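Quick mapping for you: the protein sequence lines, in order, are chains A and B. The number in the deposited numbering is simply the position in the first sequence, starting from 1, with 140 added. The number in the deposited numbering is simply the position in the second sequence, starting from 1, with 140 added. Backbone N, C-alpha and C fix where the C-beta goes; we use that ideal spot for every residue, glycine too. Heads up, the thing below is written out as structure tokens.
Number of protein chains: 2
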Amino acid sequence: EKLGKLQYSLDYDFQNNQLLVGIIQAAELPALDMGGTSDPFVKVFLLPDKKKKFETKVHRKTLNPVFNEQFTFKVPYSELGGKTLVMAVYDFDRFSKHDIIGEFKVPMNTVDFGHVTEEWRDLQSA
Amino acid sequence: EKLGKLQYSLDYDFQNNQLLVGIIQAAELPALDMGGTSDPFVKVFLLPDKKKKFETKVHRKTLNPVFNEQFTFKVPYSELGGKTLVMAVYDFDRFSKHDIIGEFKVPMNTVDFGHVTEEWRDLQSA
Ligand SMILES: [Ca+2]
Ligand SMILES: [Ca+2]
Ligand SMILES: [Ca+2]
Numbered sequence: 141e142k143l144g145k146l147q148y149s150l151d152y153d154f155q156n157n158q159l160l161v162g163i164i165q166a167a168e169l170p171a172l173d174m175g176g177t178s179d180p181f182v183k184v185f186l187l188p189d190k191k192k193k194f195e196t197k198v199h200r201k202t203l204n205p206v207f208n209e210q211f212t213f214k215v216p217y218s219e220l221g222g223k224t225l226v227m228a229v230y231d232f233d234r235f236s237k238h239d240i241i242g243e244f245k246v247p248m249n250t251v252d253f254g255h256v257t258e259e260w261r262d263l264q265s266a
Numbered sequence: 141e142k143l144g145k146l147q148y149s150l151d152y153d154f155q156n157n158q159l160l161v162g163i164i165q166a167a168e169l170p171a172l173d174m175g176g177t178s179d180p181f182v183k184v185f186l187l188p189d190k191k192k193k194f195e196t197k198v199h200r201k202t203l204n205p206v207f208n209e210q211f212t213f214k215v216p217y218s219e220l221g222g223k224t225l226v227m228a229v230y231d232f233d234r235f236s237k238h239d240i241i242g243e244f245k246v247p248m249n250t251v252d253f254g255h256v257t258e259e260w261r262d263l264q265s266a
């Protein structure tokens, strides 16, 4: 499926014991409204604790939103390896339930915290 | 002069009386002669108050840094007019002899605070 792509970054604040998730921008998203646009936003959380969650601002009438946001998760470094970061992109609708675009998951045990990288990943269906 | 370009956003937080400056990324920063890259960072401040200032993190060995930062200036909305935002991109030096790459200035009087946009602007010579 061609659902667009998301650019994000991961870092760990070793001084305050927090995971830092940069949600930078998305590109080439599907148009889920009339007239060729969507109103995208991203939900961000860590599995298995769907507790502590964030979402970006809703960007209106764009398939290439520049979020420029950063989220902070208080999670002990020794426990981070067992977590999976979920970034799920939706189309905000006022007059109906929000339309799923797609998502990407990052198992935290795959992450190198030695240097921050910006990563593009293609969105997937759940 | 082919100095590259900077993507930024401006907004005003009307509930907390703060100017919001997004420093998203830069692109196509000029390649030095011998050493092929730069270590870019951006200084951000509001003229005529040079004292309240911010800087991005330093990004190592890149001509296309993705800063993904947001800065806030406590300034009354009624005082914005006549002020100018400066965004100046430097090549970091360990010993604080930083080299300006280029800059540009946004007079508040040119900004429409009714709608938030991300804008790319070409860097200009000091
Ligand atoms: Ca829709
Ligand atoms: Ca919509
Ligand atoms: Ca809907």
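According to DSSP, residue 234(B) shares a beta bridge with no other residue. DSSP places residue 196(A) outside both helix and strand once states are collapsed to three, so it counts as coil. Annotation for residue 219(A): the continuous alpha helix (DSSP H) segment containing it runs 217 to 220. Residues close to ligand 1 by the beta carbon criterion (under 5 Å to any non-hydrogen atom) are, from first to last along the chain, 172(A), 173(A), 231(A), 233(A) and 239(A). Annotated as distal: residue 220(A) and residue 244(A), with beta-carbon spacing of 7 Å or more. Assigned with DSSP and collapsed to three states, residue 208(B) falls in strand. For residue 224(A), the three-state secondary structure derived from DSSP is strand. In this chain, the beta strand (DSSP E) harbouring residue 162(B) covers 158 to 167. The beta carbon of residue 208(B) sits closer than 7 Å to some beta carbon of chain A.
Residues of chain A with a Cβ closer than 7 Å to the Cβ of residue 258(B) are, in chain order, 206. As the crow flies, the alpha-carbon of residue 141(A) is around 8 Å from that of residue 265(A).
Contact note: residue 178(A) does not reach chain B at a C-beta cutoff of 7 Å; the least C-beta distance is about 17 Å. Counting C-beta pairs with one atom in each stretch, the region 170 to 188 of chain B and the region 221 to 241 of chain A have fewer than three that are closer than 8 Å, which means they do not touch. Residue contact check for residue 164(A) against chain B: a CB pair falls below 7 Å. Residue 225(B) sits away from residue 169(B), with the two beta carbons spaced by 7 Å or more.
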